[PDB]
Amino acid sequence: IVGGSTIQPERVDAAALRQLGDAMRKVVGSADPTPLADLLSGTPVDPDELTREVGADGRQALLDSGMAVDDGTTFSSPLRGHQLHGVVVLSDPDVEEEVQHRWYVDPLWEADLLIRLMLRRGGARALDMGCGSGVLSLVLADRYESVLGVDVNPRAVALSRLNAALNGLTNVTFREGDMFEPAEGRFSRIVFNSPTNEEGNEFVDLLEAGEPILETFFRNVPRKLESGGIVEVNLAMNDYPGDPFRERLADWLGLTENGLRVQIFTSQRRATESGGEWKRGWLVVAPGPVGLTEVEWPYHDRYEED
């Protein structure tokens, strides 16, 4: 019911998308919403009021791309608008599991926090693994000569492309595929907002895919990373008695043997019902002395207070 809508940015001229992006930038996230802001916050709107804001071409572009649907008397949108860090982003509305389509796209739960954690440097070539709405890809595109975003969710790939087009971004490409498979060559920069939470080792769905997706990611990251390259991962970690996450991580990465420096910043923590520990934190691979370090950083709390 939510997250299966058809998204078709190829059905609309790039200039028309950029223009809609321009209008969105004026109103999405700001007080006293116009019909376009209303549309993109889930409120059905009168088509004629919309026309005056985006033009009859804009109206058609909204329809052709899947951004709006004609309920006869009113238009409504399956998507919701965000504006943040210089970028306008459409994604699915935040709703509960029971009403989520299998292709439901991350409604930007942690996006804004993660952007603020990311190192400020830019560079040659960036990869955004599991790109979702494309939000992180869009932000990286300002700093990096080109950006590739990858997702196994084909609808996320469409959404990302639409979002790139709305912002008039030229240097960002998206590909459908499984993990690193459609990502050819090596990268200066790799970001992974990983689909892990409380599911332990078990695949539940594309937003809670289990620890094996992290294993696949980190085993393959050495061969995908330019020397001196940076990796940033948002993830959940499960420590089991006699079996801490970091030693599995060390084995996956071939840490000593590939000469990587890794830092795990742990933000949240709770005892598990087996004497182990669940953690949430932020993992950084960056140039420097080979080895693994764990540091405390309660950035969730700090983000909440400021």
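If you superpose the two forms and keep the largest set of C-alpha atoms that fall within 1.5 Å, you have the rigid core. Position 1 is the first residue in the sequence shown; the rest follow in order.
RMS Cα deviation from the shown model in 6 other deposited structures of this protein, rigid core fit, is larger for 273-281 than for the other stretch of the pair 273-281 / 233-241. Taking the mean C-alpha B-factor of each stretch as recorded, 101-109 and 166-174 are not equal, and the higher mean is that of 166-174. 217-225 and 188-196 differ in mean CA B-factor, and the higher of the two is recorded for 217-225. In this entry, the residue among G66, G259, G58, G281 with the greatest C-alpha B factor is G259. Ranked against the other modelled residues of its chain, the C-alpha B-factor of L36 as given in the entry falls in the lowest third. In the PDB entry, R121 places in the highest third of its chain by CA B-factor. For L255, the recorded CA temperature factor ranks within the highest third of the chain's modelled residues. Among the modelled residues of its chain, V2 has a C-alpha B-factor that falls in the middle third according to the deposited record. Sort the chain's modelled residues by C-alpha temperature factor and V45 lands in the middle third, per the entry.
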